[PDB]
Amino acid sequence: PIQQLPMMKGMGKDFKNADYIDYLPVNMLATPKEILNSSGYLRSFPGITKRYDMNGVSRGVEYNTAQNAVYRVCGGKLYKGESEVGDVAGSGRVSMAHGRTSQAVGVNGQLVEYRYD
Amino acid sequence: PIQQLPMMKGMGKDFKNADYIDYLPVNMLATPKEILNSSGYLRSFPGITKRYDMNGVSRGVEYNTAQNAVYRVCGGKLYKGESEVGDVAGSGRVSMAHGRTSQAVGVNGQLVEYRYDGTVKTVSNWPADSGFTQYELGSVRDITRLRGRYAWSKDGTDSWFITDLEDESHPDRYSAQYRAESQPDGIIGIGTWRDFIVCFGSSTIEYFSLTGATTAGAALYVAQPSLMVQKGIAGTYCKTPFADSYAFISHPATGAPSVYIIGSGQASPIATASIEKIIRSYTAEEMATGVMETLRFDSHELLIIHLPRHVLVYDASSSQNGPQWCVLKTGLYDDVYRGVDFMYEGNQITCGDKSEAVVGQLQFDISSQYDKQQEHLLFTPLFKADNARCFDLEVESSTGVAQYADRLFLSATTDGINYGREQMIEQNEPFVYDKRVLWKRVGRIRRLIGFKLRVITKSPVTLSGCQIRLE
Amino acid sequence: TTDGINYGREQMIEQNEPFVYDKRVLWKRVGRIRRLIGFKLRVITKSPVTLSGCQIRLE
Amino acid sequence: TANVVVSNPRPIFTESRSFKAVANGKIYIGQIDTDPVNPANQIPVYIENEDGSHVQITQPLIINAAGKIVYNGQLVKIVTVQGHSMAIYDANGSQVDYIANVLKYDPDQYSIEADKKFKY
Amino acid sequence: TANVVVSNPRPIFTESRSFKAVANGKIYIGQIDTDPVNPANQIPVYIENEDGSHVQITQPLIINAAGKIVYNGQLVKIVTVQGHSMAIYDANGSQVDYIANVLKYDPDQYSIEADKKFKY
Amino acid sequence: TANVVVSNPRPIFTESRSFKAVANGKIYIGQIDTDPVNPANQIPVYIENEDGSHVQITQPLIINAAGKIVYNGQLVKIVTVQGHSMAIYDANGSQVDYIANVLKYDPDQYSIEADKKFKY
Amino acid sequence: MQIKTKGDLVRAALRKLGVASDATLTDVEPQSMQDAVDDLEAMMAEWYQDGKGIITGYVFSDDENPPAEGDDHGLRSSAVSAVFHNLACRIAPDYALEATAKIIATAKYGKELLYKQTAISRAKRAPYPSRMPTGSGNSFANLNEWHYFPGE
Amino acid sequence: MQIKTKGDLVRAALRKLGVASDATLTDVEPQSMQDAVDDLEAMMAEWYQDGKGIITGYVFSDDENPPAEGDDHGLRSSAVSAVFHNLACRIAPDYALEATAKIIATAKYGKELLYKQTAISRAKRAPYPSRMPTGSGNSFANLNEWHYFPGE
Amino acid sequence: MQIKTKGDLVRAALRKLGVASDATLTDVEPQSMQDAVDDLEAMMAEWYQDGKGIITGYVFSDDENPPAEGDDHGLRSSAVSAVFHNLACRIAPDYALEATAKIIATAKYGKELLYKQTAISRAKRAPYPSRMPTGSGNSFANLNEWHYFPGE
């Protein structure tokens with residue numbers, strides 16, 4: 001007898017309250033696809049390669065559809081793509097939005113708009 | 001025991017990252033029909049044979065219903081059917097539209113209208129002598145026609161202008177400009193769905209309908225936000241009217257691009273993971289230059305997408321098990337398909353070209369493109385058959401119409417990447433209608449196996465009922 | 001593991017190989033299942049891991 | 001300094017699975033990634049004689065009992081104008097081999113090549 | 001002007017002391033003038049499929065009963081960079097051959113320096 | 001991602017009409033367009049070592065049972081400064097093969113001519 | 001015979017099994033062929049019990065010459081069928097196979113036919129015992145005083 | 001007879017097996033023809049045990065002739081059916097087939113009829129022993145006589 | 001031979017079982033190698049009952065030499081097939097497998113053939129009893145006063 005064991009989600013007990021819990025896969029994504037007698041495989045989450053050098057830990061990201069670019073708030077600066085565009089105060093996660101004339105960042109209880117000019 | 005091997009859609013491994021990708025039939029279309037123990041076959045794409053010689057490679061095509069004829073822009077000239085009826089500037093793809101009075105072409109940031117009386121006009125502001133408004137007309141990106149009005153899109157500024165009712169060469173007298181404005185930017189494309197002007201930005205699609213307002217200065221279009229689709233298109237020609245709405249290729253502004261179709265206020269993906277990877281292999285450039293179009297014949301409702309290095313055809317009529325994509329190519333070495341801008345006229349499908357100044361007419365009797373033989377492929381999904389010792393690989397091939405007893409290179413792979421020796425088997429022969437294409441002694445499956453079944457012909461290839469004897 | 005909490009002895013099996021496209025990741029002799037059984041299947045690597053079709057002969 | 005190295009120019013043709021010469025087999029060569037048995041896919045073949053006269057011959061190249069090509073019972077050197085796809089059939093008719101892309105360059109007659117490619 | 005010689009594809013590797021193929025033999029391909037047995041001195045080796053894609057394979061290539069390279073029992077076409085060293089070993093580890101530079105075996109050694117130093 | 005098919009560069013000399021090696025055969029190398037069996041027509045031959053060191057060897061080259069040339073019971077590579085003519089005789093003295101010109105030109109004298117006309 | 005080497009014998013055995021032949025699209029990797037040649041050598045050595053078994057003319061390969069495949073087996077024209085049918089039967093278990101009934105019957109027939117002539121040769125009668133009189137009707141022996149057979 | 005070549009014998013065998021015939025729509029593959037010709041040669045050499053087996057008239061090829069198929073087999077008219085039936089039985093397992101009961105029975109009958117005349121020929125009675133008188137009723141006829149049979 | 005070590009025997013046995021062979025695209029786990037070598041040692045000591053069983057020339061690995069694998073078995077060329085077939089049968093149960101019919105038949109045949117020559121050698125006849133006269137025909141003995149056979 002041949003038996004197939006599901007691998008997308010394991011099972012076990014929690015040794016604190018003796019409750020049944022689901023063991024979730026670590027760093028693996030399950031792709032549903034009939035390959036061969038399987039109906040789905042599992043692929044490692046794609047890796048990370050260094051691309052740039054920001055100023056600090058990332059505090060926000062947004063996709064500007066006016067300038068057609070990616071704005072990152074990392075450390076104390078603000079980058080449109082790769083090049084610094086402005087300066088951002090504070091040290092926490094910030095809110096981001098953008099419009100026709102300016103990319104606005106909500107930081108330190110202030111709505112600070114950086115225009116493209 | 002006998003096992004039937006599907007051929008419409010194979011499996012394989014991509015050695016760039018050792019992933020599981022799909023193998024799509026090349027120059028083959030899956031026709032679903034119960035023939036015999038099959039419920040479907042595969043047929044070669046109709047061949048292209050020369051019809052006309054033109055000034056250059058095609059740049060745009062439309063079916064002028066006002067003149068009930070196919071208008072085509074090949075090179076720098078313009079054609080109403082066959083005869084030249086104008087000249088066009090530039091060299092890139094041009095937009096096309098038409099009305100009762102003229103045939104309009106969007107080119108070089110201009111809306112150039114070739115009237116049927118022989119006068120070439122260009123959309124521009126009303127003269128300052130008028131008591132009429134002056135609008136800030138930028139560069140024209142895409143144009144469309146609706147209710148006897150040309151609607152064109154300003155370049156990259158969210159704004160679109162409609163022409164005047166009784167003077168088509170100028171914007172409206174009092175209210176010609178409109179905006180999407182539920183967005184930061186994007187007027188990438190414009191179309192007309194049923195009576196709604198549909199404005200495709202990046203990360204939004206907006207619908208406008210006639211207000212019926214009569215007073216001077218009142219808006220002649222109102223956005224219907226109940227039908228907004230929250231997804232954009234990658235380029236200006238990345239959308240075409242498919243079933244009852246548009247099919248488009250989404251923009252990088254909303255995640256990884258893929259092929260969608262508008263539902264009713266929502267978009268439903270059509271591309272599978274493999275097509276998604278093929279699209280992801282291109283940058284934002286070489287994706288904004290993609291050209292989508294549609295074709296329809298013998299119930300085949302094909303959506304064709306041309307990219308710089310691929311031509312993907314999605315058959316909507318034969319997608320009962322999931323999306324059915326196939327690859328079209330010219331030559332023996334994955335060179336991009338040469339046909340482009342298909343339009344049905346009279347009782348024939350005529351197509352432009354990409355590399356020569358020719359126009360072909362899509363013959364169904366042959367499969368050769370301008371007297372050049374074509375490579376047809378049909379992959380079988382991998383399966384695990386440890387120690388199987390296969391025998392009697394049979395295919396029911398529709399024979400009879402051919403110029404030479406063309407053969408078929410059959411081969412097998414064991415890892416999904418590299419394929420073994422190729423054996424030539426006669427798959428067809430002139431004026432014989434009972435052939436039994438068959439290879440008696442296939443090998444022994446160690447762990448996995450897959451089959452390739454490549455055909456190079458000047459004649460149609462029709463294959464069905466692939467079967468093996470697995471013992 | 002026989003209880004789902006504490007896992008047993010770990011065995012190292014080759015799951016990949018450079019430019020080898022046919023590997024057959026397979027362990028021949030698992031033990032006898034007393035009451036329960038679960039498997040861990042951990043990989044530490046610098047390369048993509050693709051796994052499917054976990055099967056086992058139970059007799 | 002060394003200028004040339006002694007070597008056997010005559011090619012040999014053996015079976016794909018056993019160390020036996022293909023006796024009385026046939027060779028077809030034509031356009032790359034095609035079927036060379038088709039005269040619509042075939043390309044011309046020229047015997048390069050002892051001086052390099054390049055006399056054209058018919059397509060099916062006959063293999064000796066020794067695994068070498070002959071014409072009129074004499075060993076010949078065969079050249080072609082470009083890379084090709086080759087199909088070798090046994091004496092019975094069984095397809096011994098099929099190679100979609102073959103290209104090895106003629107190593108002799110360099111004088112003419114250099115004369116053309118250099119500037120005097 | 002036929003400058004391409006019609007020759008034997010799928011080369012044949014034969015025993016050095018007897019006229020028999022090196023069945024189940026090993027070929028190591030490495031950098032010029034260094035031993036390719038060590039994995040540090042090896043260079044990428046590809047196989048050309050029908051579609052033209054080059055897929056890299058593991059270094060010790062297997063020689064079958066006919067003396068030709070095989071991948072999974074199937075004859076393949078192997079390619080690599082222009083200059084390489086070959087070490088052909090037998091089944092039991094015996095050294096069949098060691099070619100330090102394969103380029104130093106072309107019959108026309110003069111053309112190398114000629115085409116390198118004379119102006120075009 | 002490659003440009004040269006992996007091949008076996010070492011020459012092997014089989015018989016002309018039947019598939020077998022020239023066991024205990026003779027190779028004679030001489031002046032172009034002449035019979036090299038005459039010591040008057042004979043030219044010199046060097047064993048080009050792996051590092052490139054050249055030693056002079058006597059002309060009649062012995063071919064072992066595997067069809068390969070050996071001097072000290074080991075496979076060797078033979079080179080000549082000029083173009084030559086190659087005659088291969090079997091172990092019964094029959095002429096297996098003859099080539100009057102092996103590169104269809106003489107690289108020695110052509111070197112002087114090329115240095116005197118072609119631009120540097 | 002076209003089957004002239006140990007590898008030719010192995011190829012014929014595999015073709016009879018249906019595992020691999022010249023027509024198949026998948027072939028056995030040469031380690032499998034080397035294993036089959038080792039099986040053939042072991043079987044032939046077990047048959048030929050150091051000169052007291054089945055005599056065939058088979059030439060056992062020497063380890064100095066490296067490849068066993070490529071060595072001529074030395075069998076007569078009439079032993080090849082028996083040897084390779086028995087080889088197919090013997091190496092069927094490697095591939096999770098069982099040789100078919102016709103192959104087994106042919107293997108039995110071939111082995112028996114192989115031993116037939118050697119059995120006819122080995123069927124010999126021992127000399128007269130040492131205690132057997134020669135007879136007075138032999139004249140020569142009586143006159144030479146050789147009245148009893150030597151024996152042994 | 002319309003079957004005068006080894007290829008014709010092989011084609012008849014395949015047609016009987018249902019592998020390659022115009023009764024079906026299959027054509028003969030050259031690989032099948034070559035393998036079946038090799039099998040026929042091996043089977044005939046096994047039968048004809050260098051003169052001490054089944055005598056049929058089959059003509060064994062030589063290495064000098066490149067294509068084995070295309071030569072006359074040399075068999076008499078009454079041996080062809082047995083030859084090709086047994087060939088079909090032998091080469092059936094290559095395609096994972098098993099020759100049907102009619103083919104097996106006809107092969108048995110054909111081989112028996114093949115050896116019938118050889119059996120009648122070989123059923124010979126050995127001469128009288130070396131120690132046997134020829135009788136007194138013989139010498140008077142042949143005044144020379146000998147008193148005892150020679151033997152051997 | 002190409003089977004010259006205990007590891008060669010074990011690899012041959014596992015290939016026969018279909019556990020670890022290139023035709024299966026698997027390879028030997030070192031634990032399985034150790035277990036099979038231990039099984040081979042126990043089986044061989046059981047066959048060779050300290051000289052009163054089957055004699056094969058097998059060299060038992062002494063304790064001191066650390067890796068028992070890698071040493072020559074010392075068998076003659078005619079015992080290897082029997083040894084590894086019987087080893088495959090012995091070590092099949094570890095994997096909840098069962099050696100197939102051909103493997104079992106070859107194991108039996110090999111064991112019998114292994115003991116054949118020892119049985120022929122041990123079929124000796126006892127000397128005459130101590131109470132048997134030598135007879136007066138043995139004139140030399142009856143003249144040297146040897147009237148009865150010694151015995152024992």
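Residues numbered from 1 in each chain as written, not as in the entry; some residues may be left out. Chains lettered and ligands numbered in written order. Part of a larger assembly, values for the part shown. Heavy atoms only, no water.

Draft legend 1. A look at the packing of aromatic side chains. Scanning the model with the defined rule gives 47 aromatic pairs over all chains in all. Residues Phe132(B) and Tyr174(B) carry aromatic rings whose centres are separated by 5.8 Å and whose planes lie at 70° to one another, so their mutual orientation is edge-to-face. Taken together, the positions of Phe132(B) in the loop between β14 (120-122) and β15 (140-145) and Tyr174(B) in the loop between β17 (159-162) and β18 (177-179) put the pair 42 residues apart, joining distant regions of the chain. Residue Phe132(B) is classed as partly exposed on the basis of its relative accessible area of 25%. Taking 5.3 Å as the distance between ring centres and 65° as the angle between the ring planes, the aromatic pair formed by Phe19(D) and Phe19(E) counts as edge-to-face. Note that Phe19(D) is positioned in the loop between β1 (4-5) and β2 (26-30) and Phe19(E) in the loop between β1 (4-5) and β2 (25-30), a pairing that runs across two chains. In terms of burial, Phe19(D) and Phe19(E) fall into one category: buried. (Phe/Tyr/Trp six-rings, centres within 6.5 Å; stacked < 30°, edge-to-face > 60°. Helix = DSSP H or I, 4+ residues; strand = E, 2+ residues; numbered from the N terminus. Buried < 20%, exposed > 50% of the residue type's maximum accessible area, 1.4 Å probe, protein only.)

Draft legend 2. Representation of helix α3 (residues 80-91) of chain I within the structure. Look at α3(I): 16 Å from first C-alpha to last across 12 residues, which is about the 16 Å you get at 1.5 Å a residue. With 10 of 12 residues buried, α3(I) is to be regarded as a mostly interior element. Every buried residue belonging to α3(I) is among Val80(I), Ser81(I), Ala82(I), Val83(I), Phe84(I), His85(I), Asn86(I), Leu87(I), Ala88(I) and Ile91(I), and all of these are buried. Those residues of α3(I) that are buried lie in contact with α2 (30-47) and α3 (80-91) of chain G together with α1 (6-17), α2 (30-47) and α4 (101-122) of chain I. (Expected span 1.5 Å × (residues − 1). Contact = heavy atoms within 4.5 Å.)

Draft legend 3. How the structure looks around α1(I). Across its 12 residues, α1(I) extends 17 Å between first and last C-alpha, which sits within 8% of the 16 Å expected from 1.5 Å per residue. With 10 of 12 residues buried, α1(I) lies mostly within the body of the structure. Buried within α1(I) we find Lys6(I), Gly7(I), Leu9(I), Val10(I), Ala12(I), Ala13(I), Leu14(I), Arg15(I), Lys16(I) and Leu17(I). Buried-residue contacts for α1(I) involve α2 and α3 of chain G together with α2, α3 and α4 of chain I. After α1(I) finishes, the residue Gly18(I) shows a positive phi value of roughly 80°.

Draft legend 4. Here's a closer look at the pattern of salt bridges. Within this structure, the stated rule accounts for 75 salt bridges over all chains. Two residues, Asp22(C) and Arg447(B), come together in a salt bridge whose shortest N-O distance is 2.3 Å. Here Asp22(C), found in the segment before β1 (50-51), pairs with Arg447(B), found in the loop between β42 (437-439) and β43 (448-451), and the two come from separate chains. You can call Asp22(C) buried: its relative accessible area is 14%. Accessibility expressed as a relative area gives 15% for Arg447(B), which makes it buried. The salt bridge involving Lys16(I) is made with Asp94(G); its shortest N-O contact spans 2.7 Å. Taken together, the residues span two chains, with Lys16(I) in helix α1 and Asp94(G) in the loop between α3 and α4 (101-122). In this structure, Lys16(I) and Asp94(G) share a single accessibility class: buried. (Salt bridge = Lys/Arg side-chain N within 4 Å of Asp/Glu carboxyl O.)

Draft legend 5. Looking closely at the interface of chain B and chain D. Residue-level contacts link 14 residues of chain B with 12 residues of chain D. Taken over both partners, the interface formed by chain B and chain D buries close to 1,100 Å², and the fraction arising from carbon and sulfur atoms is 44%. Considering only the side of chain B, the residues that lose the most area to chain D are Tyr333(B), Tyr404(B) and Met424(B), jointly responsible for 39% of the buried surface there. The interface formed by chain B and chain D contains one salt bridge. With a closest N to O distance of 2.3 Å, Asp33(D) and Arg454(B) form a salt bridge. (Buried area = accessible area lost by both parts, 1.4 Å probe.)

Draft legend 6. Region of the structure containing empty space enclosed by the protein. By the definition in use, this model includes 14 cavities of 30 Å³ or more. As for the largest cavity, its lining consists of 18 residues, and the residues nearest its centre are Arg444(B), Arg446(B), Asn72(E), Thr26(G) and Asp27(G). In the lining of the largest cavity, the residues fall into seven nonpolar, four polar and seven charged. (1 Å grid on protein atoms, 1.4 Å probe; cavity = no way out; pocket = protein on both sides within 12 Å on 5 of 7 lines; lining within 4 Å. Points joined across faces, edges and corners; volume = space filled by probe spheres on them. Nonpolar A, V, L, I, M, F, W, Y, C, P; charged D, E, K, R; others polar.)

Draft legend 7. Structural detail: the nonpolar core. Counting residues in hydrophobic clusters, the biggest one holds 41 residues, and the most contacted among them are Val259(B), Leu303(B), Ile305(B) and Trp325(B). Ignoring sequence-local partners within four residues, the contact set of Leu303(B) consists of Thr240(B), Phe242(B), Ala247(B), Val259(B), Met292(B), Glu293(B), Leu312(B), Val313(B) and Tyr314(B). Judged by nonpolar contacts, the second largest core, of 38 residues, contains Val80(G), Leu87(G), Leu97(G) and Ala99(G). (Core = buried A, V, L, I, M, F, W, Y, C linked by side-chain atoms within 4.5 Å.)

Draft legend 8. How the structure looks around the pairing of strand β9 (residues 95-99) of chain E. All names here are of chain E. As defined by bridge partners, strand β8 (residues 85-89) adjoins β9 across four bridges and the pair is classed as antiparallel. Along β9, the bridge assignment pairs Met86 with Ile99. Adjacent in sequence and paired antiparallel, β8 and β9 are bridged by five residues, among which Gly93 carries a positive phi angle near 90°. (Pairing = 2+ DSSP bridges.)

Draft legend 9. Inspection of the sheet that holds strand β12 (residues 110-115) of chain A at higher detail. All names here are of chain A. Strand order in the open sheet made by the three strands is β10-β11-β12, with antiparallel pairing throughout. Of all the strands in the sheet, just β10 (95-98) and β12 have a single pairing partner and so form its edges. On average, adjacent strands in this sheet sit at an angle of 20° to one another, irrespective of strand direction. Pairing of β10 with strand β11 (residues 102-107) involves four bridges; the strand directions are antiparallel. By the bridge assignment, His98 is partnered in β11 with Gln103. (Axes fitted to C-alpha atoms, helices over the stretch in contact; angles between N-to-C directions.)

Draft legend 10. Representation of the interface of chain E and chain D. In this assembly, 35 residues from chain E lie in contact with 41 residues from chain D. A combined buried area of about 3,200 Å² lies between chain E and chain D, and 61% of that area is made up of carbon and sulfur atoms. Our count for the contact surface shared by chain E and chain D stands at two salt bridges. On inspection of chain E and its partner chain D, the count reaches 13 residue pairs in polar contact. Secondary structure elements with two or more residues in the side of chain E that touches chain D: β1 and α1 (110-117) of chain E. With four residues, the top contributor of residues to the side of chain E that touches chain D is α1(E). Its residues assigned to classes, the side of chain E that touches chain D comprises 17 nonpolar, eight polar and 10 charged. In this sheet, β1(E) lies alongside strand β8 (residues 78-80) of chain D in antiparallel orientation, the contact comprising two bridges. Residue pairing for β1(E): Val79(D) is matched across the bridge by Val5(E). (Polar contact = N/O pair within 3.5 Å; in protein donor to acceptor, adjacent residues only side chain to side chain.)

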